[PDB]
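Taking it in order: structure first as structure tokens, then the write-up.
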Amino acid sequence: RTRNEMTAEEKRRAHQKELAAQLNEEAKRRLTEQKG
Amino acid sequence: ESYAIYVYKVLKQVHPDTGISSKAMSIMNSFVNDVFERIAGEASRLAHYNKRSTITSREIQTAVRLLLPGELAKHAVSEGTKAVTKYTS
Amino acid sequence: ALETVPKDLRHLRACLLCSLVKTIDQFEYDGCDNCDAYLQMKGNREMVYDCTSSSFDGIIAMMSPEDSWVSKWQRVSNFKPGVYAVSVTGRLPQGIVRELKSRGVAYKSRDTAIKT
Amino acid sequence: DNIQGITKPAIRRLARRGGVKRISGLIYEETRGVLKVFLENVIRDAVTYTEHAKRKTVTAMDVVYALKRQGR
Amino acid sequence: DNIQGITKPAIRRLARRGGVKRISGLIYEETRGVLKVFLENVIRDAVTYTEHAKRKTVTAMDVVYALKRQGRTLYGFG
Amino acid sequence: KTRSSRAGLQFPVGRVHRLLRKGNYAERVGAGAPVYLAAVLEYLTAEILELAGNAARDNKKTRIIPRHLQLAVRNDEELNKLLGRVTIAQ
Amino acid sequence: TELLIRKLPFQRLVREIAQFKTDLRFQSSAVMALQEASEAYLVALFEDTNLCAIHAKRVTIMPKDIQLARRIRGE
Amino acid sequence: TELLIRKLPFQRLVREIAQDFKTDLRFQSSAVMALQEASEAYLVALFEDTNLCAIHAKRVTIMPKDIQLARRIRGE
Ligand SMILES: [Zn+2]
């Protein structure tokens, strides 16, 4: 009965999980390459 | 008293595999009472404007359309129409 | 009265309905006296600048409109005493002139002067 | 397009009636948008009241009810 | 008085949750005064409702009705 | 059978009618007015609970909580416009 | 009583924006009441704007003044 | 989540204002909690408005004049 409106937000969350994984990887890589 | 039993029934019907919290049930009851009061106050205003001595389905529909937003109001109006039809049936 | 007599000769306008010549300060504070309810000219300079117009000529010391050929000719016998003029060039907007007739106020052209 | 027809001199007159000693060049479009929003809300309320009353003509009474509902 | 009981750190924490980065010294007394006015109005309405219901003690329902009258509905305590 | 069962709704049509007549919102109340009001209340409650259960399944929980209710209310634009001036405990 | 907006443009705007339900007459008194309400509303908004401008220490009101007024008002 | 106002001072203030209004009164625990929640919400809303006023005034420090302008524009 409920409106029943869906949410691509789940696709957004998945895309954001991928972005967070890539972000952690790249941050670790750049900091290890820097090493002061 | 409160509408806790009815809220629990609706919850089991919409999501038969989930629960709720005590604060959540209280918030739902407060919401139910508030919506009831708002619609009743709007209906009383409309009846006093029309100089009527009985709140009718037309008054309730007008109150709902004045309170709730567009799409939500239309869906609620459809649900109420179906309900009153099944009742009069 | 002392409220309708112009105070300072500089900065002076005149109406188009009853042709009430006064000072800008008087028009802003008190406004049109002969026609106030059907004009709302009082309480702001905006309606003053909208209706009245500084394009007018002539000065007559009107003191007895009930008994005066100048008032009978100028059609100001039903107005209060004051300093009026003999010509006022202008015209009110359509929205301002239609409401006059709708409420029951006959709009006439006070510009008795001729053209060419 | 009548939102532009609303003479800017009219907005300036409405603003000049108190305190407003100086106005910018963008106030006109902003005031027009705000007036549009307010009119849309009031007219929606009045149209709801009229459809409830069944009449096909909005009335000053319906406008007053809409204003009271909005709390104006 | 107990109006001063409202701790300076409590007002600072309220302002932080709101979104204020730097507070002035004259803010705490003013916030206390505003809070006192609001509580006075709410208690006024609540005592009116209590006298209407002819009850000996103020209740969460009366407080909720007073808050509604003010224009700030509060769920949870219903 | 009960008017609730007659109308097929889940909210109490009888309690709604009694509350209306007790508040004295009007000298009388029709027969369709209370059924309609109960239906509107039930639809609103069903929508709120649906959004709350959706938020709960997203958060990975087995019981709805005020957090899920808040998330649902602030994610639905219409519910936000409806309960903007509403406050909740905790 | 006093009206600053021209009644004809105002009526045109009302009938153009009242397309939510096409074909609906508006009595003269209804349009007049709407115009009075709109004039009073814009008057209050400009007063709040002047307050925001005086606060900002600027004698000239700017769109951000009106924006802040409406934000604090809850429009 | 947690309460930002101290429960005991807030309760003492509530009792003080209640005695000022009418003596020999008693409030419920839930009533005092609801009052505290409503007061915290009201203060947070007021602080958000005051922060907007200060932002507009091109400042960082919030001022009692900002609070006054917020209350005025709100209409209290
Ligand atoms: Zn004149």
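Following the order of the structure tokens, chains are lettered A, B, ..., residues in each are numbered from 1, and ligands are numbered from 1.
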
To check your reading of the model: which residues sit at most 10 Å from ligand 1 when counting only C-alpha atoms and all ligand atoms? Write the answer as an mmCIF file with N, CA and C atoms, in the first residue's frame.
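File written: part.cif
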```
data_model
loop_
_atom_site.group_PDB
_atom_site.id
_atom_site.type_symbol
_atom_site.label_atom_id
_atom_site.label_comp_id
_atom_site.auth_asym_id
_atom_site.auth_seq_id
_atom_site.Cartn_x
_atom_site.Cartn_y
_atom_site.Cartn_z
ATOM 1 N N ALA C 14 0.628 69.776 -7.237
ATOM 2 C CA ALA C 14 -0.799 70.042 -7.321
ATOM 3 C C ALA C 14 -1.517 68.773 -7.752
ATOM 4 N N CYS C 15 -2.734 68.593 -7.242
ATOM 5 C CA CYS C 15 -3.499 67.413 -7.603
ATOM 6 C C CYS C 15 -4.208 67.618 -8.942
ATOM 7 N N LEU C 16 -4.779 66.528 -9.456
ATOM 8 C CA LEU C 16 -5.493 66.552 -10.722
ATOM 9 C C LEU C 16 -7.001 66.421 -10.573
ATOM 10 N N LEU C 17 -7.488 65.873 -9.456
ATOM 11 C CA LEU C 17 -8.931 65.737 -9.257
ATOM 12 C C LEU C 17 -9.534 67.060 -8.797
ATOM 13 N N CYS C 18 -9.207 67.479 -7.576
ATOM 14 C CA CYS C 18 -9.707 68.730 -7.031
ATOM 15 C C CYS C 18 -8.737 69.883 -7.222
ATOM 16 N N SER C 19 -7.517 69.607 -7.681
ATOM 17 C CA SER C 19 -6.505 70.632 -7.913
ATOM 18 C C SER C 19 -6.190 71.368 -6.609
ATOM 19 N N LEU C 20 -5.600 70.615 -5.686
ATOM 20 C CA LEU C 20 -5.206 71.133 -4.381
ATOM 21 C C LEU C 20 -3.711 71.426 -4.416
ATOM 22 N N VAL C 21 -3.363 72.709 -4.407
ATOM 23 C CA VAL C 21 -1.973 73.147 -4.470
ATOM 24 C C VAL C 21 -1.468 73.375 -3.053
ATOM 25 N N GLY C 31 -1.455 65.134 3.305
ATOM 26 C CA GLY C 31 -1.919 64.653 2.019
ATOM 27 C C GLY C 31 -3.136 65.413 1.520
ATOM 28 N N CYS C 32 -3.794 64.826 0.523
ATOM 29 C CA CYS C 32 -4.983 65.441 -0.055
ATOM 30 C C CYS C 32 -6.110 65.497 0.970
ATOM 31 N N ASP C 33 -6.673 66.689 1.157
ATOM 32 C CA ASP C 33 -7.754 66.885 2.114
ATOM 33 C C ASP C 33 -9.121 66.746 1.458
ATOM 34 N N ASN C 34 -9.279 67.297 0.253
ATOM 35 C CA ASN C 34 -10.554 67.223 -0.447
ATOM 36 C C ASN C 34 -10.887 65.803 -0.897
ATOM 37 N N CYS C 35 -9.883 64.930 -1.029
ATOM 38 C CA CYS C 35 -10.100 63.549 -1.468
ATOM 39 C C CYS C 35 -9.035 62.674 -0.805
ATOM 40 N N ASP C 36 -9.393 62.079 0.332
ATOM 41 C CA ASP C 36 -8.470 61.228 1.074
ATOM 42 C C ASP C 36 -8.922 59.778 1.136
ATOM 43 N N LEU C 39 -8.454 57.893 -2.218
ATOM 44 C CA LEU C 39 -7.163 58.172 -2.830
ATOM 45 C C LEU C 39 -6.020 57.571 -2.023
ATOM 46 N N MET C 41 -3.845 59.044 -0.553
ATOM 47 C CA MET C 41 -2.642 59.820 -0.825
ATOM 48 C C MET C 41 -1.852 60.117 0.444
ATOM 49 N N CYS C 51 0.141 60.126 -8.209
ATOM 50 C CA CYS C 51 -1.084 60.801 -8.632
ATOM 51 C C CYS C 51 -0.829 62.255 -9.014
ATOM 52 N N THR C 52 -0.378 63.061 -8.057
ATOM 53 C CA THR C 52 -0.164 64.474 -8.312
ATOM 54 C C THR C 52 0.916 64.668 -9.372
ATOM 55 N N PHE C 79 -15.833 71.601 -2.815
ATOM 56 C CA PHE C 79 -14.529 71.413 -2.205
ATOM 57 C C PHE C 79 -14.339 72.437 -1.099
ATOM 58 N N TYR C 84 -6.086 76.877 -5.058
ATOM 59 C CA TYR C 84 -6.160 75.974 -6.195
ATOM 60 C C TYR C 84 -5.501 76.632 -7.400
ATOM 61 N N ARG C 110 -9.140 68.465 -15.291
ATOM 62 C CA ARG C 110 -9.075 69.830 -14.782
ATOM 63 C C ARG C 110 -8.238 70.757 -15.658
#
```

Next item on the list: Extract, using only C-alpha atoms, all DNA, RNA and protein residues at most 12 Å from residue 66 of chain F, discarding same-chain residues fewer than 4 positions from it, and format them as a list in words.
Entry: residues 20, 21, 22, 23, 24, 25, 26, 27 and 28 of chain B; 75 and 76 of chain E; 48, 49, 52, 53, 55, 56, 70, 71, 72, 73, 87, 88, 89 and 90 of chain F; 1 of chain H

Okay, now the selection with N, CA and C atoms, as a CSV table (one decimal), in the first residue's frame?
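Result file is selection-v7.csv:
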```csv
chain,number,residue,atom,x,y,z
B,20,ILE,N,10.9,-3.7,17.4
B,20,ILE,CA,10.8,-2.3,17.7
B,20,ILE,C,11.3,-2.1,19.1
B,21,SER,N,11.6,-0.9,19.5
B,21,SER,CA,12.0,-0.6,20.9
B,21,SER,C,10.9,0.2,21.7
B,22,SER,N,11.1,0.3,23.0
B,22,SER,CA,10.1,0.9,23.8
B,22,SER,C,10.0,2.4,23.4
B,23,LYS,N,11.2,3.1,23.3
B,23,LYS,CA,11.2,4.5,22.9
B,23,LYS,C,10.6,4.6,21.5
B,24,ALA,N,10.9,3.6,20.6
B,24,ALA,CA,10.3,3.7,19.3
B,24,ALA,C,8.8,3.6,19.3
B,25,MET,N,8.3,2.7,20.1
B,25,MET,CA,6.8,2.5,20.2
B,25,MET,C,6.2,3.8,20.8
B,26,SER,N,6.9,4.4,21.8
B,26,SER,CA,6.4,5.6,22.4
B,26,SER,C,6.3,6.8,21.3
B,27,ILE,N,7.4,6.9,20.5
B,27,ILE,CA,7.4,7.9,19.5
B,27,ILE,C,6.3,7.7,18.5
B,28,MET,N,6.1,6.4,18.1
B,28,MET,CA,5.0,6.1,17.2
B,28,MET,C,3.7,6.5,17.8
E,75,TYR,N,7.7,14.4,21.1
E,75,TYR,CA,7.3,13.0,21.2
E,75,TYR,C,8.0,12.3,22.4
E,76,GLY,N,7.8,11.1,22.5
E,76,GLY,CA,8.5,10.3,23.5
E,76,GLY,C,7.8,10.2,24.9
F,48,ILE,N,5.4,5.1,7.9
F,48,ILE,CA,6.5,5.4,8.9
F,48,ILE,C,7.2,4.1,9.2
F,49,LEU,N,6.4,3.0,9.5
F,49,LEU,CA,7.1,1.8,9.9
F,49,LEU,C,7.8,1.2,8.8
F,52,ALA,N,11.1,3.0,8.6
F,52,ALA,CA,11.9,2.6,9.7
F,52,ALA,C,12.5,1.2,9.6
F,53,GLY,N,11.7,0.3,9.1
F,53,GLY,CA,12.2,-1.1,8.9
F,53,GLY,C,13.3,-1.1,7.8
F,55,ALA,N,15.3,1.4,7.0
F,55,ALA,CA,16.5,1.9,7.6
F,55,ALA,C,17.2,0.9,8.6
F,56,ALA,N,16.3,0.1,9.3
F,56,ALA,CA,16.9,-0.9,10.2
F,56,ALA,C,17.6,-1.9,9.4
F,70,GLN,N,14.4,8.4,13.2
F,70,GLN,CA,15.0,9.7,12.8
F,70,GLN,C,15.6,9.6,11.4
F,71,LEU,N,16.3,8.5,11.1
F,71,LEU,CA,16.9,8.4,9.7
F,71,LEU,C,15.8,8.3,8.7
F,72,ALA,N,14.7,7.6,9.0
F,72,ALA,CA,13.6,7.5,8.0
F,72,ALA,C,13.0,8.9,7.8
F,73,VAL,N,12.7,9.6,8.9
F,73,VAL,CA,12.1,10.9,8.8
F,73,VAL,C,12.9,11.9,8.0
F,87,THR,N,9.8,17.4,17.9
F,87,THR,CA,11.0,17.0,18.7
F,87,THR,C,10.7,15.6,19.2
F,88,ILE,N,11.8,14.9,19.5
F,88,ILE,CA,11.8,13.6,20.0
F,88,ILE,C,12.8,13.5,21.1
F,89,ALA,N,12.5,12.6,22.1
F,89,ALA,CA,13.3,12.5,23.2
F,89,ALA,C,14.5,11.6,22.9
F,90,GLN,N,15.7,11.9,23.5
F,90,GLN,CA,16.9,11.2,23.2
F,90,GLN,C,17.2,11.2,21.7
H,1,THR,N,24.1,9.3,22.5
H,1,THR,CA,23.4,10.6,22.9
H,1,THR,C,23.5,10.7,24.4
```

Check: Using only C-alpha atoms, which residues sit within 12 Å of residue 25 of chain E once same-chain residues fewer than 6 positions away are excluded, as a PyMOL selection string?
Finding: (chain E and resi 8+11-12+31) or (chain H and resi 61-64)

Dump as a compact mmCIF listing (two decimals), in the first residue's frame, selection limited to N, CA, C and O atoms:
```
# COMPACT_ATOMS: atom_id res chain seq x y z
N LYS E 8 28.43 26.97 32.96
CA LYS E 8 29.06 27.54 31.78
C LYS E 8 29.45 26.47 30.77
O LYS E 8 29.16 26.65 29.57
N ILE E 11 26.24 25.43 28.78
CA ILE E 11 25.85 26.37 27.73
C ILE E 11 26.82 26.29 26.56
O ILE E 11 26.42 26.35 25.39
N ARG E 12 28.11 26.13 26.86
CA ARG E 12 29.09 26.03 25.78
C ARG E 12 28.85 24.78 24.94
O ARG E 12 28.96 24.82 23.72
N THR E 31 21.82 33.73 27.78
CA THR E 31 21.23 32.42 27.55
C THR E 31 20.43 31.98 28.77
O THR E 31 19.34 31.41 28.64
N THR H 61 32.74 35.42 16.72
CA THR H 61 32.28 35.43 18.09
C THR H 61 30.80 35.78 18.14
O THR H 61 30.37 36.78 17.56
N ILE H 62 30.05 34.97 18.83
CA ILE H 62 28.62 35.19 18.99
C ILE H 62 28.43 36.26 20.07
O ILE H 62 29.22 36.37 21.00
N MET H 63 27.38 37.06 19.93
CA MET H 63 27.17 38.24 20.75
C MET H 63 25.74 38.24 21.27
O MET H 63 24.84 37.68 20.63
N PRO H 64 25.50 38.86 22.42
CA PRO H 64 24.11 39.01 22.90
C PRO H 64 23.21 39.76 21.93
O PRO H 64 22.01 39.46 21.85
```

Margin query: Show me, as JSON, numbers by chain, the residues of chain C whose atoms get within 9 Å of chain G, using only C-alpha atoms for the distance check.
Written below: {"C": [37, 39, 40, 41, 46, 47, 95, 96]}

Residues of chain G within 10 Å of chain H: nearest atom pair and distance (Å, one decimal) for each, counting only C-alpha atoms, sorted by chain and number, as a tab-separated table?
```
residue	atom	partner	partner_atom	distance
G:45	CA	H:73	CA	9.6
G:47	CA	H:73	CA	9.5
G:48	CA	H:73	CA	6.3
G:49	CA	H:73	CA	9.2
G:51	CA	H:69	CA	7.7
G:52	CA	H:69	CA	7.8
G:53	CA	H:57	CA	8.8
G:54	CA	H:57	CA	9.6
G:55	CA	H:57	CA	6.6
G:56	CA	H:57	CA	4.5
G:57	CA	H:57	CA	7.8
G:58	CA	H:57	CA	9.7
G:64	CA	H:56	CA	8.2
G:65	CA	H:56	CA	8.1
G:68	CA	H:52	CA	7.6
G:69	CA	H:73	CA	6.7
G:70	CA	H:73	CA	8.8
G:71	CA	H:49	CA	8.5
G:72	CA	H:49	CA	6.1
G:73	CA	H:74	CA	5.3
G:74	CA	H:74	CA	8.3
```

Could you write out that same residue set with N, CA, C and O atoms as a JSON list (two decimals), in the first residue's frame?
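Produced file part.json, reproduced below:
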```
[["chain", "number", "residue", "atom", "x", "y", "z"],
["G", 45, "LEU", "N", 8.55, 41.45, 5.69],
["G", 45, "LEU", "CA", 9.82, 40.89, 5.25],
["G", 45, "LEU", "C", 10.86, 41.98, 5.09],
["G", 45, "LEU", "O", 12.02, 41.80, 5.49],
["G", 47, "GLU", "N", 10.92, 44.81, 6.66],
["G", 47, "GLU", "CA", 11.30, 45.28, 7.99],
["G", 47, "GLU", "C", 12.36, 44.37, 8.60],
["G", 47, "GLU", "O", 13.37, 44.84, 9.13],
["G", 48, "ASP", "N", 12.14, 43.06, 8.53],
["G", 48, "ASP", "CA", 13.14, 42.12, 9.02],
["G", 48, "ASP", "C", 14.45, 42.27, 8.25],
["G", 48, "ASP", "O", 15.54, 42.13, 8.81],
["G", 49, "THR", "N", 14.35, 42.54, 6.95],
["G", 49, "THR", "CA", 15.55, 42.74, 6.14],
["G", 49, "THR", "C", 16.32, 43.96, 6.62],
["G", 49, "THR", "O", 17.55, 43.94, 6.72],
["G", 51, "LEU", "N", 16.28, 45.12, 9.57],
["G", 51, "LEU", "CA", 16.91, 44.75, 10.83],
["G", 51, "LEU", "C", 18.21, 43.99, 10.57],
["G", 51, "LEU", "O", 19.24, 44.30, 11.17],
["G", 52, "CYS", "N", 18.17, 43.01, 9.67],
["G", 52, "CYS", "CA", 19.38, 42.26, 9.37],
["G", 52, "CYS", "C", 20.47, 43.16, 8.79],
["G", 52, "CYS", "O", 21.66, 42.99, 9.12],
["G", 53, "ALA", "N", 20.10, 44.13, 7.96],
["G", 53, "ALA", "CA", 21.08, 45.04, 7.38],
["G", 53, "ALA", "C", 21.67, 45.97, 8.43],
["G", 53, "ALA", "O", 22.89, 46.17, 8.48],
["G", 54, "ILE", "N", 20.82, 46.54, 9.29],
["G", 54, "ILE", "CA", 21.30, 47.38, 10.38],
["G", 54, "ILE", "C", 22.24, 46.59, 11.26],
["G", 54, "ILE", "O", 23.24, 47.11, 11.77],
["G", 55, "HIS", "N", 21.94, 45.31, 11.45],
["G", 55, "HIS", "CA", 22.81, 44.45, 12.24],
["G", 55, "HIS", "C", 24.15, 44.32, 11.55],
["G", 55, "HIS", "O", 25.21, 44.51, 12.16],
["G", 56, "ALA", "N", 24.13, 43.99, 10.26],
["G", 56, "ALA", "CA", 25.36, 43.86, 9.50],
["G", 56, "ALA", "C", 26.09, 45.19, 9.34],
["G", 56, "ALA", "O", 27.20, 45.20, 8.82],
["G", 57, "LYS", "N", 25.47, 46.29, 9.76],
["G", 57, "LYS", "CA", 26.09, 47.62, 9.70],
["G", 57, "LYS", "C", 26.20, 48.07, 8.24],
["G", 57, "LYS", "O", 27.23, 48.56, 7.80],
["G", 58, "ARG", "N", 25.10, 47.89, 7.51],
["G", 58, "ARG", "CA", 24.99, 48.33, 6.13],
["G", 58, "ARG", "C", 23.62, 48.94, 5.95],
["G", 58, "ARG", "O", 22.61, 48.30, 6.27],
["G", 64, "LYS", "N", 21.16, 38.85, 0.50],
["G", 64, "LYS", "CA", 21.50, 38.00, 1.63],
["G", 64, "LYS", "C", 20.75, 38.43, 2.89],
["G", 64, "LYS", "O", 20.45, 37.59, 3.74],
["G", 65, "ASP", "N", 20.43, 39.72, 3.03],
["G", 65, "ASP", "CA", 19.63, 40.13, 4.17],
["G", 65, "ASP", "C", 18.27, 39.44, 4.16],
["G", 65, "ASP", "O", 17.85, 38.86, 5.16],
["G", 68, "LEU", "N", 18.63, 35.70, 4.92],
["G", 68, "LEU", "CA", 18.78, 35.44, 6.34],
["G", 68, "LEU", "C", 17.47, 35.63, 7.08],
["G", 68, "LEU", "O", 17.13, 34.85, 7.98],
["G", 69, "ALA", "N", 16.71, 36.67, 6.73],
["G", 69, "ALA", "CA", 15.43, 36.89, 7.38],
["G", 69, "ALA", "C", 14.52, 35.68, 7.20],
["G", 69, "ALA", "O", 13.96, 35.16, 8.17],
["G", 70, "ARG", "N", 14.39, 35.22, 5.96],
["G", 70, "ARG", "CA", 13.54, 34.07, 5.70],
["G", 70, "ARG", "C", 14.07, 32.81, 6.37],
["G", 70, "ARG", "O", 13.29, 31.98, 6.85],
["G", 71, "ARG", "N", 15.39, 32.63, 6.40],
["G", 71, "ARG", "CA", 15.94, 31.45, 7.06],
["G", 71, "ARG", "C", 15.58, 31.42, 8.54],
["G", 71, "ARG", "O", 15.10, 30.40, 9.05],
["G", 72, "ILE", "N", 15.81, 32.53, 9.23],
["G", 72, "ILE", "CA", 15.50, 32.59, 10.66],
["G", 72, "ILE", "C", 14.00, 32.49, 10.89],
["G", 72, "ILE", "O", 13.56, 31.95, 11.91],
["G", 73, "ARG", "N", 13.20, 33.02, 9.97],
["G", 73, "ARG", "CA", 11.76, 32.94, 10.12],
["G", 73, "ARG", "C", 11.23, 31.52, 9.92],
["G", 73, "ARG", "O", 10.21, 31.16, 10.51],
["G", 74, "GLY", "N", 11.89, 30.71, 9.10],
["G", 74, "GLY", "CA", 11.43, 29.36, 8.88],
["G", 74, "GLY", "C", 10.54, 29.21, 7.66],
["G", 74, "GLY", "O", 9.59, 28.43, 7.67]]
```

Note to self: Could you list, as number ranges by chain, every residue within 9 Å of residue 6 of chain B, counting only C-alpha atoms and ignoring same-chain residues fewer than 2 positions away?
What the structure shows: B: 2-4, 8-11; F: 10-12, 42

Check: Got a sec to pull out which chain E residues are within 10 Å of chain B, counting only C-alpha atoms, and send them as number ranges by chain?
Finding: E: 64, 68, 73-78

When DSSP works through the backbone of this structure, what residues of segment 4-109 of chain C end up as alpha helix (DSSP H), shown as a compact mmCIF listing (two decimals) with C-alpha atoms, in the first residue's frame?
```txt
# COMPACT_ATOMS: atom_id res chain seq x y z
CA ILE C 24 5.54 68.68 -0.57
CA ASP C 25 5.82 68.39 3.22
CA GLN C 26 2.08 68.97 3.58
CA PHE C 27 1.31 66.38 0.89
CA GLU C 28 3.55 63.88 2.71
CA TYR C 29 2.20 64.48 6.23
CA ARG C 45 5.30 60.27 -0.81
CA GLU C 46 4.93 57.38 -3.27
CA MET C 47 1.21 57.78 -3.97
CA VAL C 48 1.80 61.55 -3.99
CA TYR C 49 4.36 61.30 -6.80
CA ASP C 50 2.12 58.74 -8.54
CA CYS C 51 -1.08 60.80 -8.63
CA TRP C 69 -18.16 82.31 -10.38
CA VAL C 70 -14.60 80.98 -10.52
CA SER C 71 -15.61 77.95 -8.44
CA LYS C 72 -18.79 77.40 -10.48
CA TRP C 73 -16.70 77.53 -13.67
CA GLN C 74 -13.84 75.40 -12.35
CA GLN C 94 -5.80 53.09 -15.95
CA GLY C 95 -5.70 51.17 -12.68
CA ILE C 96 -5.93 54.40 -10.69
CA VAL C 97 -8.76 55.88 -12.79
CA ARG C 98 -10.92 52.75 -13.11
CA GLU C 99 -11.32 52.33 -9.34
CA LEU C 100 -12.61 55.90 -9.10
CA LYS C 101 -15.53 55.13 -11.41
CA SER C 102 -16.03 51.69 -9.84
CA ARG C 103 -16.44 53.19 -6.37
```

Could you produce a table of the residues of chain D lying within 9 Å of chain B, with the nearest pair of atoms per residue and their separation in Å rounded to one decimal, using only C-alpha atoms, ordered by chain and increasing residue number, as JSON lines?
```
{"residue": "D:45", "atom": "CA", "partner": "B:66", "partner_atom": "CA", "distance": 7.1}
{"residue": "D:48", "atom": "CA", "partner": "B:66", "partner_atom": "CA", "distance": 7.1}
{"residue": "D:49", "atom": "CA", "partner": "B:62", "partner_atom": "CA", "distance": 7.5}
{"residue": "D:51", "atom": "CA", "partner": "B:62", "partner_atom": "CA", "distance": 8.6}
{"residue": "D:52", "atom": "CA", "partner": "B:62", "partner_atom": "CA", "distance": 6.2}
{"residue": "D:53", "atom": "CA", "partner": "B:50", "partner_atom": "CA", "distance": 7.8}
{"residue": "D:65", "atom": "CA", "partner": "B:49", "partner_atom": "CA", "distance": 8.5}
{"residue": "D:69", "atom": "CA", "partner": "B:42", "partner_atom": "CA", "distance": 8.9}
```

Checklist line | Proximity to chain E - best of H:13, H:8, H:29, H:24, only C-alpha atoms | finding: H:13

Residues of chain F within 12 Å of chain G, counting only C-alpha atoms, as a PDB file with N, CA, C and O atoms, in the first residue's frame:
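result_23.pdb, freshly written:
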```pdb
ATOM      1  N   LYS F  81       9.057  17.564   5.738  1.00  0.00           N
ATOM      2  CA  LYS F  81       8.178  18.720   5.650  1.00  0.00           C
ATOM      3  C   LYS F  81       7.008  18.577   6.603  1.00  0.00           C
ATOM      4  O   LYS F  81       6.436  19.580   7.043  1.00  0.00           O
ATOM      5  N   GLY F  84       8.850  18.777  10.580  1.00  0.00           N
ATOM      6  CA  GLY F  84       9.967  19.676  10.823  1.00  0.00           C
ATOM      7  C   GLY F  84       9.985  20.236  12.234  1.00  0.00           C
ATOM      8  O   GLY F  84      11.009  20.201  12.919  1.00  0.00           O
ATOM      9  N   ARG F  85       8.852  20.755  12.688  1.00  0.00           N
ATOM     10  CA  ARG F  85       8.737  21.357  14.006  1.00  0.00           C
ATOM     11  C   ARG F  85       8.470  20.342  15.104  1.00  0.00           C
ATOM     12  O   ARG F  85       7.936  20.719  16.151  1.00  0.00           O
TER      13      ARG F  85
END
```

Item checked: Non-local contacts of residue 14 of chain H (10 Å; only C-alpha atoms; under 2 positions in same chain excluded) as a list in words ->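 Contacts, in chain order: residues 2, 3, 36, 39, 40 and 43 of chain E; 8, 9, 10, 11, 12, 16, 17, 18, 19, 20, 27, 32, 35 and 36 of chain H.
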
Store the residues picked out above, limited to N, CA and C atoms, as a CSV table (one decimal), in the first residue's frame.
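Final file, part01.csv:
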```csv
chain,number,residue,atom,x,y,z
E,2,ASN,N,19.0,29.3,41.6
E,2,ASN,CA,19.4,28.1,40.8
E,2,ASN,C,19.5,28.4,39.3
E,3,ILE,N,19.1,29.6,38.9
E,3,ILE,CA,19.3,29.9,37.4
E,3,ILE,C,20.8,29.9,37.1
E,36,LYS,N,15.2,31.0,31.2
E,36,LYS,CA,14.3,31.2,32.3
E,36,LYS,C,13.0,31.7,31.7
E,39,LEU,N,11.2,28.6,30.2
E,39,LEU,CA,10.7,27.7,31.2
E,39,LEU,C,9.5,28.3,32.0
E,40,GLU,N,9.6,29.6,32.2
E,40,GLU,CA,8.4,30.2,32.9
E,40,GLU,C,7.2,30.1,32.1
E,43,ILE,N,5.9,26.4,32.2
E,43,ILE,CA,5.3,26.1,33.5
E,43,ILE,C,4.0,26.8,33.7
H,8,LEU,N,20.7,17.8,37.9
H,8,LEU,CA,20.3,18.3,39.2
H,8,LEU,C,20.2,19.8,39.1
H,9,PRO,N,21.1,20.6,38.6
H,9,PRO,CA,20.8,22.1,38.5
H,9,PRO,C,19.5,22.4,37.7
H,10,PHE,N,19.3,21.7,36.6
H,10,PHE,CA,18.1,22.0,35.8
H,10,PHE,C,16.9,21.7,36.6
H,11,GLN,N,16.9,20.6,37.3
H,11,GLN,CA,15.7,20.2,38.2
H,11,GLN,C,15.5,21.2,39.3
H,12,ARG,N,16.6,21.7,39.8
H,12,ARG,CA,16.5,22.7,40.9
H,12,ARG,C,15.9,24.0,40.3
H,16,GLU,N,12.5,25.8,41.4
H,16,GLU,CA,12.5,27.2,41.8
H,16,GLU,C,11.4,28.0,41.1
H,17,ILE,N,11.3,27.8,39.8
H,17,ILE,CA,10.3,28.6,39.0
H,17,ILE,C,8.9,28.1,39.3
H,18,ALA,N,8.8,26.8,39.6
H,18,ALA,CA,7.5,26.3,40.0
H,18,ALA,C,7.0,26.8,41.3
H,19,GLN,N,7.9,26.9,42.3
H,19,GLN,CA,7.6,27.5,43.6
H,19,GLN,C,7.3,29.0,43.4
H,20,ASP,N,8.0,29.7,42.6
H,20,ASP,CA,7.7,31.1,42.3
H,20,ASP,C,6.3,31.2,41.8
H,27,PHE,N,6.2,17.8,40.5
H,27,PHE,CA,6.3,17.4,39.1
H,27,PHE,C,6.8,15.9,39.0
H,32,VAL,N,9.9,16.3,34.3
H,32,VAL,CA,11.1,17.1,34.3
H,32,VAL,C,12.0,16.7,33.1
H,35,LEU,N,10.7,18.5,30.1
H,35,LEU,CA,11.0,19.9,30.1
H,35,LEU,C,12.5,20.1,29.7
H,36,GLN,N,13.4,19.3,30.3
H,36,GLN,CA,14.8,19.4,29.9
H,36,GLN,C,15.0,19.2,28.4
```

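Between atom CA of residue 87 of chain C and atom CA of residue 60 of chain C the separation is 11.2 Å.
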
Next item on the list: Write out as a PyMOL selection string the residues lying within 9 Å of residue 59 of chain D, counting only C-alpha atoms and excluding same-chain residues fewer than 4 positions away.
Entry: (chain D and resi 46+50+63-64) or (chain G and resi 25-31)

Next item on the list: Identify, on the basis of only C-alpha atoms, every residue whose closest approach to residue 4 of chain A does not exceed 9 Å; exclude the query and any residue fewer than 2 positions from it along the same chain; express the result as an MDAnalysis selection string.
Entry: (chainID A and resid 1:2 6) or (chainID F and resid 47 50:51)
